[PDB]
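Fold and geometry: a report
Now for the letters of each chain:
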Amino acid sequence: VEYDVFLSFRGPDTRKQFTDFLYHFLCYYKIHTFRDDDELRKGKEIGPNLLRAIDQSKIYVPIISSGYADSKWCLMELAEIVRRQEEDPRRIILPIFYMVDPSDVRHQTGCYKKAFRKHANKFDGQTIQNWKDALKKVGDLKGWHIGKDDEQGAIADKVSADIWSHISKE
DNA sequence: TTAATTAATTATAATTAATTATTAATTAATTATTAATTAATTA
């Protein structure tokens, strides 16, 4: 009746490209999945929607993309995932890199440089250091890299069971 | 459906400007005295 898996991704990039199939494939294993498309903006952080499901989730599974560092709504939300995780280690994180190196995520260089080249003219000089401290630790856990040739279909089946193995056996 | 105003939101790109680099290549000049046999002479 509650949520056992909570996703997070980019807007226009992978909302129909691949994450959509995983939502439809996952529902075939009899588990309730949460994905959201509402652009929020109704304020700066909504409570009864995101904040509710965050504490209700069980396996936070982000999906870092190529342009995941531009939306001013994703990063600060990810800062709430990995922060809540460090307080109670009962839950886990299974990131999935996508079309990007597992090196442009630990130092925000490469395809993120100019993203933080303009993000530094608006916000505080400490809030940005809060993101780069949280975004870094995500790029150290285990994760299926998806190269240019790997099957966008076989990976889904392999990763889904790893989410279903931690539920049946508990 | 249009025109018009207000309110926000999202973009990368181009140019100018500066610092930062031992390497590429030839020229030129100096420096390296044996290798080697031949010729001549001597023990």
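As shown above, the structure is provided for reference.
Residues numbered from 1 in each chain as written, not as in the entry; some residues may be left out. Chains lettered and ligands numbered in written order. Part of a larger assembly, values for the part shown. Heavy atoms only, no water.

**Quick notes on the side chain of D4**
Looking at the element boundaries, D4 is found in the segment before β1 (5-8). Buried charged residue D4 carries no salt bridge. Nearest counter-charge: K58, at 8.0 Å. Those residues in contact with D4, other than ones at most four positions away along the chain, are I31, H32, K58 and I59. (Helix = DSSP H or I, 4+ residues; strand = E, 2+ residues; numbered from the N terminus. Buried < 20%, exposed > 50% of the residue type's maximum accessible area, 1.4 Å probe, protein only. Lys, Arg positive; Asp, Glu negative; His and termini not counted. Salt bridge = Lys/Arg side-chain N within 4 Å of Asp/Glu carboxyl O. Contact = heavy atoms within 4.5 Å.)

**Here's the deal with the protein's contact with DNA strand B**
Neighbouring DNA strand B are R41, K72, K114, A115 and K118. Of everything in DNA strand B that lies within 4 Å of the protein, sugar and phosphate atoms constitute 89%. Between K118 and DNA strand B, the recorded distance is 3.3 Å, taken from a side-chain N or O atom to a phosphate oxygen. For the surface near DNA strand B, the residue count by class is 1 nonpolar, no polar and 4 charged. (Near = heavy atom within 4 Å. Polar contact = N/O pair within 3.5 Å; in protein donor to acceptor, adjacent residues only side chain to side chain. Nonpolar A, V, L, I, M, F, W, Y, C, P; charged D, E, K, R; others polar.)

**Here's the deal with the sheet that holds β1**
If you trace the 4 strands from one edge of the open sheet to the other, you get β2-β1-β3-β4, paired in parallel fashion. Whereas interior strands pair on both sides, the edge strands pair on one side only; in this sheet they are β2 (33-34) and β4 (92-93). Of the strand pairs in this sheet, β1 and β2 are connected by 2 bridges, and their pairing is parallel. Bridging from a neighbouring strand, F6 pairs with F34 of β2. (Pairing = 2+ DSSP bridges.)

**Observations concerning the pairing of β1**
The alternating pattern of β1 places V5 and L7 and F6 and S8 on opposite faces, both of which are buried. Note that the unit made of β1, helix α1 (residues 19-26) and β2 has a crossover that is right-handed. Alignment of β1 against strand β3 (residues 59-62), held across 4 bridges, turns out to be parallel. Within β3, the residue paired with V5 across the bridge is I59. (Right-handed = clockwise from strand over helix to strand, strands pointing away.)

**Here's the deal with the pattern of salt bridges**
Per the counting criterion, the structure on display carries 5 salt bridges. A salt bridge links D37 to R15, with the nearest nitrogen and oxygen atoms 2.9 Å apart. Taken together, the residues span a long stretch of sequence, with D37 in the loop between β2 and α2 (47-56) and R15 in the loop between β1 and α1 at a distance of 22 residues. Classification of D37 as partly exposed rests on a relative accessible area of 40%. For the salt bridge of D20 with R35, the shortest nitrogen-to-oxygen distance reads 3.0 Å. A residue pair is termed long-range when its members are at least 10 positions apart, and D20 in helix α1 and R35 in the loop between β2 and α2 qualify at 15 residues.

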